[PDB]
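Here the structure is laid out as structure tokens; the discussion comes afterwards.
Each chain carries a letter (A, B, C, D, E and F) given by its place in the written order, and its residues are counted from 1.
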Amino acid sequence: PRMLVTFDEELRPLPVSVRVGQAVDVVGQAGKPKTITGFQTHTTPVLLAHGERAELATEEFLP
Amino acid sequence: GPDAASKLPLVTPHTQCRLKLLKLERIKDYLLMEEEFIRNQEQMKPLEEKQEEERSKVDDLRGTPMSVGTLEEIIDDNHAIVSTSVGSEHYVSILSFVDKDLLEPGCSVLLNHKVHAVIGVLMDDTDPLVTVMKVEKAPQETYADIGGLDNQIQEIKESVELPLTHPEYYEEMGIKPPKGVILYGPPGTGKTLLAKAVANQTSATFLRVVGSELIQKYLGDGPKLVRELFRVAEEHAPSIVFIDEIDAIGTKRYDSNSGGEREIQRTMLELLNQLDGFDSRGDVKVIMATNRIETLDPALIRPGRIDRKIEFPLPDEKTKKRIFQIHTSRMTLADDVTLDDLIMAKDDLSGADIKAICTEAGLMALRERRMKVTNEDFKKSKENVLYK
Amino acid sequence: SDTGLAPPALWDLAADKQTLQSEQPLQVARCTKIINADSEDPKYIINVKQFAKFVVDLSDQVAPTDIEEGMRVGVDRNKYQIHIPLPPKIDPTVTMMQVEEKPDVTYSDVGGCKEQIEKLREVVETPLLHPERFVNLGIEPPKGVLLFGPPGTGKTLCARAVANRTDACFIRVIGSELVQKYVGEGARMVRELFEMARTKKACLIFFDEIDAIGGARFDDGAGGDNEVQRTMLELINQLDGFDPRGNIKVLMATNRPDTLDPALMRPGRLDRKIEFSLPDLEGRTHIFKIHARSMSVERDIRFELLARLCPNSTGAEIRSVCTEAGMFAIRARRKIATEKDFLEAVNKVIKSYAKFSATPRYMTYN
Amino acid sequence: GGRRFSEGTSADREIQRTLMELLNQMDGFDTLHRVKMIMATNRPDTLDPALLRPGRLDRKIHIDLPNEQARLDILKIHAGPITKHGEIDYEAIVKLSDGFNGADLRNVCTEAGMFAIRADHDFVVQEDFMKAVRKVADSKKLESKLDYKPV
Amino acid sequence: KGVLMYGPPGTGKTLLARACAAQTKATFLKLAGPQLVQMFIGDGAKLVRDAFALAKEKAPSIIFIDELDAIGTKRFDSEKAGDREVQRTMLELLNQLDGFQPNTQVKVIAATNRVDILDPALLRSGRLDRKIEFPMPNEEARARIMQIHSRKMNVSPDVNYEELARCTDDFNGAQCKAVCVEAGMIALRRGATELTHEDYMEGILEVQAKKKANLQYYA
Amino acid sequence: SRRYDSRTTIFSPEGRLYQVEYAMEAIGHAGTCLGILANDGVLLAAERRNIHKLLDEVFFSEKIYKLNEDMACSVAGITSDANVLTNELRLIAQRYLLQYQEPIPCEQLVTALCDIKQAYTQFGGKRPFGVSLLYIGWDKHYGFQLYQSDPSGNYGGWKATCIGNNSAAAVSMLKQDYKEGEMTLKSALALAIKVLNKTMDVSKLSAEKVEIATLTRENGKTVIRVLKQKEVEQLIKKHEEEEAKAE
């Protein structure tokens, strides 16, 4: 979770997310201002909206 | 606090995208209504001018001989105890005209000269300590000038310079940048050269202190300068603190030290806390340089306080030639001295000796009013420097 | 301008008329200190700062019980009449030691110190919270804890963490601040500290790195350290000294336990001693998890194997491996680490920097 | 007094000045007539070598621990006004008291009464006096018997 | 005149003084150690002359000087710096106690755990006179020492203090109380209302303060 | 007792024998000792550090010792250690002659002494010998030789080297003025005179501060000589005249 930064057109492809910040494994609070995830299309959400009720489903990768 | 400029640095479109236009026009409409909004109400209600009337009344409430004093304590809001000019304490009443925010316990206060009260805070004169270590800009030494050391320049770049220019890297892997760097090697290897090289291409307030000034005269005025050093660094946003010749806090004994070794140790125990204590750290990176890494307490170097230990060896033969070329670049030689012949003068020349040869060579050419150094000058230069 | 110009809208909110209503009716007073309460009915003896010692009684509205000997009180500037009691003076350098912002670390970032954490909560995090449990039995909970171990083991983390959850006021002390120039005022900072704490019903003091002011009594016949020794005695006397210390619960962690006076290490002052030893195999396998969470991993990483490759590795040396293993990925330009990256990390932070280290020369505590 | 440190402290050069004033008014430009001074000290070695110079402190008496003859004389004075009974022997106490400077000898008398007061006795005997001579000697080993003479 | 109390770190020195301040209807001026020490020249003397004038100004008084090391360190000859500011305070204490005035109504009690460092002048007979030795409990004081601090919480009838007083050797009095105090905190861990002998014995180790060392390859 | 033990045979954290390094540092304060190898002989030139109007002239040399009929050595460092090592060298040579009935080759002698030094710097707990020796001699195997030794126990064969005060300057000067395989004894003596002149910054050579020894073969027998005042003065005069002619 972190603030939202817009890169509609920038000289360099800067990452959408500023920093990972907190990544506590245990259950924790989720901030309202969510943004785009990282790269590699890993664990990519399907909802694409973060409405506080998004569900995650595991997939088959590198069998 | 607030920044006068940078009203909205939304340069994300970075082009002729219409999004730039919409926001700009928004303020224009608001400005138009405000114009007649202020002047109109300023006629039928001629109580406060806000430009000449506002300032005028407060000045009368103030006094012509405004006083200067030290705020000693903060009793309940609108009330405070301010130390008078000489030695008296007054239970003055704080006036709302003051910002009521800069009232730090001990900075400064302006008081009326007859009914003493708080009338206004005063910005504190830049303490002489800050000016002492506030290096402005490295005079001439660049980062490609250093030459030689290559695998050792990446560590310093990757600890004290990368996290400030490309934070994303230590932003997506969730790894905090290595805390500090300690440079150790024989006497003269570029330890300080690399130290001032980083000051060149940096955007943070560089502070430098040698290990010798960390040892002071009176007891207690030891691990109190260490507190001041890290208090200035925090106050000045990102900053790289460089401690040079750290091996002078227990390697050299001075009679001025009222307390002996026992006092110097407590300076280290305070420096230990300032690098990793249970207080917050912020953004302050410590670069320590020394020529004897084996003569200091092995807790100041504990991982967490200083993480990356960079080793500076005596120059390699290949690097020796590079050292001569860089130092002799702006010199009108006499196409009779061969650099390669002087590379092997002594078994191990530090590199600072190389500059000494190339600097005494010129002084040996000035004596004859000649603007070209010959093999004779270098031959006598290589003997007057590393022999006696 | 540049002096005190505040929000101009707030000035009118200041009600300049009221300010004039306050810059005349409200008489400015002068601080003083009472020495005696000469009996007869009033007749209080006063001592202004640097004018004289006058004799004053009262004005109308200060109850006689509102005033007591040695109490800060303001006085009139013309007739010298007490008008309002004033707070006692606490040295500003001692009042800055109070922590106002809790450190951002909890009791889940220290790993392997399960027994240490539990034993550090029944003396600093249970007597205060749920204080009725001990009442239904005769128990004065231990008051004081010494945390000792090799450098970079977690002495401060377990202390920085306790301040994150403690409800009572937390007071810092570094052990070098208590060293001051002139004889005397190195015990004032140790007398004022407890006076401030006693003003708080629940208070904790963390005498971090108590080795600069906690040495052993040593008489060389050559006037060895004496100011530090005097300061230590004041600390020793204010924990069990013919005066109930109150609710103050000390917490001091020392890097060199085998240097303390054999009077600061007895029950009553520093009651319970908690040992912070180097993490065991199960431990350092857990420190790796608590420091490699918010980082990209191959998921399938043999963290147990990495734990067993650094047997006597302090907690700090494990974070430097994690913080350095990902460093080897920033250089290769990759974004996801790998086990081979960590193995090269262990080869550099554990076996390549072992020349300096601190563990080998400290586990003897000398 | 003191030895006039070099590299002293802030509030120690001031005490030095006071010594330099008491020092100069002893033997200075105006000789002091018909005013004699007596000084005492338990450590006449820390004194500055200007206060000990002949002319300022001319004679240096050396009051010492009492000898065998003196020790007996000491006991009578402080052991005199005691409700004694029997052949109180002062010769016994003296031999067993070596190094008893000037007060434990009076302590011997006062301590003896303490033993006598126990047992509800308005009755002091020789055994009580002896019983106090050892109790004082035992409490003397923890001192540091040093001479510390001037030089 | 005077009662010096010396001994190992914790044996009961301040307990007797605090106790003697309870069974006595007289002023009990309570001094300290570091406290008579003040930065300014002569400020230490004021607090000693004033601390004895006040006691004399009042009825029979006892003036207790705890932690006498801070103001009674052995005098020390030296050039090139030193410490005589504290020495004057001691020198004013010496003369005030017994010098040029036979004051006989203020009683002085002193507490110390290091008599080797004291100035020989402070251990005369005219000054503090009855130099009491406070020794560690031998084998029975440790039994009463625990019953005193244990008679407030709970005790099963089958709790042999004699064996407890035997397994605890070289224990000063203060450590003995920690045994009883820790006997409860460790009975609270296993939720219960009654202390048992194995709780005391198990808590003896926690107060002994001996690190775990995998002491399991012996025997 | 552990407390009073100086621990003179330990490895420093950087793997350096500190006592050996300090002993070497001691040699830097001794007299200058120089040795040049020629096609027809070897020579040793030494700085007579002791200089006083009251010292008497005794023995055939002050720092140049004779070890065999075909060997000699010069010592720089502590004089007493030099005497001990010279006695040991003589004993070793005589033992070899008794065993084999042939003079000891120089390499064997230097190796034996260096073995003694190494033993002292490895085990025993004693301080190392603070002396460096220059050897010159002839043998039937390699002809004329010039050897060097150090407290550590390291020896190397040299054609021209210097040990003592201002050794680095002497080595540099020799490196520039040494013609390998084309030097007679006269040229070697001239070079030694120049080196001693420049290395002893204190005034100029007075012919009393220099002790020069020569090793040469004549009629099948080795001859070791110590130059007298006359020949040393003649060399000084020739060097001064040559320098004047150059300028």
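As a convention for this text, contacts are C-beta pairs under 8 Å (C-beta built on N, C-alpha and C of every residue); 3 or more make two chains touch, one makes a residue touch a chain.
Protein identities per chain, from UniProt: B = 26S proteasome regulatory subunit 4; C = 26S proteasome regulatory subunit 7; F = Proteasome subunit alpha type-4.
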{"item": "Highest-count interface - the chain pair sharing the most C-beta contacts", "value": "B-C"}
{"item": "Furthest chain, CA centroid comparison against chain F", "value": "A"}
{"item": "Centre-to-centre distance between chain F and chain E (centres being mean Cα positions), rounded to whole Å", "value": "73"}
{"item": "Intercentroid distance (Cα basis), chain D paired with chain C, Å", "value": "49"}
{"item": "Between chain C and chain A, distance of the C-alpha-averaged centres to the nearest whole Å", "value": "39"}
{"item": "Intercentroid distance (Cα basis), chain E paired with chain D, Å", "value": "29"}
{"item": "Residue list for chain E, restricted to those that touch at least two other chains", "value": "39, 74, 78, 81-82, 85, 116"}
{"item": "Residues of chain D touching at least two other chains", "value": "7, 11"}
{"item": "Shared-contact residues (touching 2 or more other chains) in chain F", "value": "13"}
{"item": "Footprint of chain C on chain B - complex, ascending", "value": "48, 50, 54, 57-58, 61, 72-73, 75, 81, 86-93, 95-100, 105-106, 110, 112, 115-117, 119-123, 154, 158, 162, 169-170, 172-176, 178, 218-223, 227, 259, 262-263, 265-267, 269-270, 272-273, 276-280, 293, 298-299, 301-304, 307, 309"}
{"item": "Residues of chain A defined as touching chain C within the complex", "value": "20-26, 38-40"}
{"item": "Of all residues in chain F, those that touch chain B in their complex", "value": "13-14, 166, 168-169, 172, 201"}
{"item": "Chain C contact footprint on chain E (complex, rising order)", "value": "9-10, 14, 17-18, 21, 30, 32-35, 37-39, 64, 66-67, 69-70, 73-74, 76, 78, 82-83, 85-86, 113-114, 116-117, 150-154, 172, 174-175, 177-178, 181-182, 184-185, 188, 193, 206-207, 209, 211-212"}
{"item": "Of chain B, residues touching chain F in the complex", "value": "294, 345-346, 383, 386-388"}
